[PDB]
């Protein structure tokens, strides 16, 4: 359906695990350090949880878009995972993880950018080589049950 570029990095910060988690959970400050986030368009939910939607602004690779972020994972005080969709089929993913380590915490940020807006219709054509596997597997499943 679409193509994706994913980069996950980790940095050891001299910050306590609960402090790092309280910081990554304060979405009202997310735009002040996360580069691709430029602000929110909806009031931030009272309690952030799995299934919650928020509308925000994203700037990726010279492009700006209104993105409907959907919280896909909420495991405090360890991980928050968010999936977003934008105009023109732009797809986004952000996964923030917090681990306790010697000296402080390990903050892991995984960012996934894709869609036809970012890879073009010809670059996104590389994904049609997996359609065979997917369709054959679904056909076999239907024939199985």
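Residue numbers count along the first chain shown, from 1.
- Averaged over their C-alpha atoms, the temperature factors of 13 to 21 and 124 to 132 are higher for 13 to 21.
- For the pair 85 to 93 and 42 to 50, the mean B factor over Cα atoms is greater in 42 to 50.
- Take 37, 110, 64, 78 and read off each C-alpha B-factor from the entry; 78 has the highest.
- Note on 57, 106, 27, 118: the highest value goes to 106, judged by CA B factor as recorded.
- Residue 100: CA B factor lies in the highest third for its chain, per the PDB record.
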